[PDB]
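Structure data follow from data-v8.pdb (PDB, C-alpha atoms):
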```pdb
MODEL        1
ATOM      1  CA  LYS A   1     107.239 143.982  31.931  1.00  0.00           C
ATOM      2  CA  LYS A   2     106.843 140.306  31.041  1.00  0.00           C
ATOM      3  CA  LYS A   3     106.681 139.441  34.742  1.00  0.00           C
ATOM      4  CA  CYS A   4     102.995 138.526  34.510  1.00  0.00           C
ATOM      5  CA  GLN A   5     103.236 134.809  33.737  1.00  0.00           C
ATOM      6  CA  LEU A   6     106.167 133.109  35.467  1.00  0.00           C
ATOM      7  CA  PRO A   7     106.672 129.491  36.604  1.00  0.00           C
ATOM      8  CA  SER A   8     106.353 128.323  40.210  1.00  0.00           C
ATOM      9  CA  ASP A   9     109.553 128.532  42.255  1.00  0.00           C
ATOM     10  CA  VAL A  10     109.533 127.568  45.935  1.00  0.00           C
ATOM     11  CA  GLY A  11     113.210 126.701  46.248  1.00  0.00           C
ATOM     12  CA  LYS A  12     114.666 126.091  49.701  1.00  0.00           C
ATOM     13  CA  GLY A  13     114.936 128.195  52.844  1.00  0.00           C
ATOM     14  CA  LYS A  14     113.597 128.842  56.337  1.00  0.00           C
ATOM     15  CA  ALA A  15     111.053 131.473  55.301  1.00  0.00           C
ATOM     16  CA  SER A  16     107.999 129.213  55.126  1.00  0.00           C
ATOM     17  CA  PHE A  17     105.301 131.633  53.974  1.00  0.00           C
ATOM     18  CA  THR A  18     102.687 132.210  51.272  1.00  0.00           C
ATOM     19  CA  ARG A  19     102.912 135.005  48.702  1.00  0.00           C
ATOM     20  CA  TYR A  20     100.668 136.331  45.931  1.00  0.00           C
ATOM     21  CA  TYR A  21     101.442 135.958  42.226  1.00  0.00           C
ATOM     22  CA  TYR A  22      99.694 137.030  39.024  1.00  0.00           C
ATOM     23  CA  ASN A  23      99.309 134.760  35.996  1.00  0.00           C
ATOM     24  CA  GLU A  24      98.258 135.359  32.389  1.00  0.00           C
ATOM     25  CA  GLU A  25      96.087 133.205  30.126  1.00  0.00           C
ATOM     26  CA  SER A  26      93.149 134.718  32.010  1.00  0.00           C
ATOM     27  CA  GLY A  27      94.542 137.453  34.234  1.00  0.00           C
ATOM     28  CA  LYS A  28      94.101 135.908  37.673  1.00  0.00           C
ATOM     29  CA  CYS A  29      96.048 135.881  40.942  1.00  0.00           C
ATOM     30  CA  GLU A  30      96.812 133.049  43.364  1.00  0.00           C
ATOM     31  CA  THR A  31      98.978 132.154  46.360  1.00  0.00           C
ATOM     32  CA  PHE A  32     102.285 130.276  46.349  1.00  0.00           C
ATOM     33  CA  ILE A  33     104.815 129.014  48.893  1.00  0.00           C
ATOM     34  CA  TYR A  34     108.017 131.052  49.108  1.00  0.00           C
ATOM     35  CA  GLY A  35     110.855 131.003  51.622  1.00  0.00           C
ATOM     36  CA  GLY A  36     114.569 131.528  51.118  1.00  0.00           C
ATOM     37  CA  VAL A  37     115.961 132.070  47.628  1.00  0.00           C
ATOM     38  CA  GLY A  38     113.769 134.262  45.446  1.00  0.00           C
ATOM     39  CA  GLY A  39     112.581 132.599  42.261  1.00  0.00           C
ATOM     40  CA  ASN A  40     111.286 134.443  39.204  1.00  0.00           C
ATOM     41  CA  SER A  41     108.858 137.339  39.630  1.00  0.00           C
ATOM     42  CA  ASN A  42     105.930 135.096  40.559  1.00  0.00           C
ATOM     43  CA  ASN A  43     106.138 136.149  44.208  1.00  0.00           C
ATOM     44  CA  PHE A  44     104.834 139.170  46.115  1.00  0.00           C
ATOM     45  CA  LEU A  45     104.554 139.878  49.843  1.00  0.00           C
ATOM     46  CA  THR A  46     101.543 142.031  48.966  1.00  0.00           C
ATOM     47  CA  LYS A  47      98.040 141.379  47.637  1.00  0.00           C
ATOM     48  CA  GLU A  48      97.064 144.330  45.444  1.00  0.00           C
ATOM     49  CA  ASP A  49     100.648 144.552  44.187  1.00  0.00           C
ATOM     50  CA  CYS A  50      99.976 141.164  42.594  1.00  0.00           C
ATOM     51  CA  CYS A  51      98.008 142.794  39.775  1.00  0.00           C
ATOM     52  CA  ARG A  52     100.700 145.463  39.464  1.00  0.00           C
ATOM     53  CA  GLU A  53     102.852 142.767  37.860  1.00  0.00           C
ATOM     54  CA  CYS A  54     100.462 142.558  34.907  1.00  0.00           C
ATOM     55  CA  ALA A  55      98.989 146.007  35.546  1.00  0.00           C
ATOM     56  CA  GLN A  56     101.760 147.311  33.289  1.00  0.00           C
ATOM     57  CA  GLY A  57     100.360 145.332  30.375  1.00  0.00           C
ATOM     58  CA  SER A  58      96.832 143.959  30.655  1.00  0.00           C
ATOM     59  CA  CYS A  59      95.686 144.152  34.277  1.00  0.00           C
TER      60      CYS A  59
ENDMDL
END
```
As structure tokens, what does this structure read like?
Amino acid sequence: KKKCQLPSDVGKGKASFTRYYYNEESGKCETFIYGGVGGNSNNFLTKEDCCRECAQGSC
């Protein structure tokens, strides 16, 4: 489960929306713009689930 620290991927699409993503180097979560083609695992339509990404390792 290395899906805790992935790069930002907004790509293209017509699904202009903000999703939650967890990042390492501190164990924090933020919001990113996602809509269309899914990029990496740095996107989540949920809030709590965000931690789940790293909850399998550190979080």
Just checking: using all atoms listed in the file, which residue out of A:41, A:56, A:46, A:5 ends up closest to residue 20 of chain A?
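Smallest separation from residue 20 of chain A among the options: A:46.
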Could you give me, as a VMD selection string, the residues within 12 Å of residue 8 of chain A, counting all atoms listed in the file and dropping anything in the same chain fewer than 2 positions from it?
chain A and resid 5 to 6 10 to 11 19 to 23 30 to 34 38 to 43
With 5 Å of padding per side, what axis-aligned box (centre and edge lengths, Å, one decimal) covers all the listed atoms of segment 27-39 of chain A? Give it as JSON.
```
{"center_x": 105.0, "center_y": 133.2, "center_z": 42.9, "size_x": 31.9, "size_y": 18.4, "size_z": 27.4}
```
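For the choices A:2, A:12, A:52, A:47, the atom-to-atom distance to residue 35 of chain A is smallest for A:12 when using all atoms listed in the file.
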d(atom CA of residue 26 of chain A, atom CA of residue 48 of chain A) in Å
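Pair atom CA of residue 26 of chain A / atom CA of residue 48 of chain A returns 17.0 Å.
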Choose the residue, out of A:16, A:54, A:59, A:29, that has the smallest atom-to-atom separation from residue 3 of chain A; count all atoms listed in the file.
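Ranked by minimum distance to residue 3 of chain A, first place goes to A:54.
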Would you kindly identify which residues have an atom no farther than 6 Å from (113.0, 132.6, 52.2), using only C-alpha atoms and the file's own coordinates, and write them out as a PyMOL selection string?
chain A and resi 13-15+35-37
Return the single residue from A:9, A:45, A:27, A:18 that is closest to residue 58 of chain A, with distances computed using all atoms listed in the file.
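Among A:9, A:45, A:27, A:18, it is A:27 that comes nearest to residue 58 of chain A.
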Please produce segment 39-55 of chain A, completed to N, CA and C atoms, as a compact mmCIF listing (two decimals), in the coordinates of the input.
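And here's out29.txt as it stands now:
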```
# COMPACT_ATOMS: atom_id res chain seq x y z
N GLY A 39 112.65 133.21 43.58
CA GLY A 39 112.58 132.60 42.26
C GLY A 39 111.62 133.32 41.34
N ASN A 40 112.11 133.74 40.18
CA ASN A 40 111.29 134.44 39.20
C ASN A 40 110.56 135.62 39.86
N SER A 41 109.62 136.20 39.13
CA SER A 41 108.86 137.34 39.63
C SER A 41 107.43 136.92 39.99
N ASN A 42 107.24 135.63 40.21
CA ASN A 42 105.93 135.10 40.56
C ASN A 42 105.75 135.05 42.07
N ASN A 43 106.24 136.07 42.76
CA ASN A 43 106.14 136.15 44.21
C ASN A 43 106.00 137.60 44.67
N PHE A 44 105.07 137.83 45.59
CA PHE A 44 104.83 139.17 46.12
C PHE A 44 104.31 139.11 47.55
N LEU A 45 104.96 139.85 48.44
CA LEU A 45 104.55 139.88 49.84
C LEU A 45 103.29 140.71 50.03
N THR A 46 102.75 141.21 48.92
CA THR A 46 101.54 142.03 48.97
C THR A 46 100.42 141.39 48.17
N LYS A 47 99.20 141.90 48.34
CA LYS A 47 98.04 141.38 47.64
C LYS A 47 97.75 142.19 46.38
N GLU A 48 97.37 143.45 46.57
CA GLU A 48 97.06 144.33 45.44
C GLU A 48 98.24 144.39 44.47
N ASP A 49 99.44 144.49 45.01
CA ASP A 49 100.65 144.55 44.19
C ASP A 49 100.66 143.43 43.15
N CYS A 50 100.04 142.31 43.49
CA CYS A 50 99.98 141.16 42.59
C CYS A 50 99.60 141.60 41.18
N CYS A 51 98.48 142.31 41.07
CA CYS A 51 98.01 142.79 39.78
C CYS A 51 99.03 143.72 39.13
N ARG A 52 99.69 144.53 39.95
CA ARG A 52 100.70 145.46 39.46
C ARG A 52 101.63 144.78 38.47
N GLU A 53 101.97 143.53 38.74
CA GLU A 53 102.85 142.77 37.86
C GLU A 53 102.36 142.81 36.42
N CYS A 54 101.06 142.55 36.24
CA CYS A 54 100.46 142.56 34.91
C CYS A 54 99.74 143.88 34.64
N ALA A 55 99.65 144.71 35.67
CA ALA A 55 98.99 146.01 35.55
C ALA A 55 99.72 146.90 34.55
```
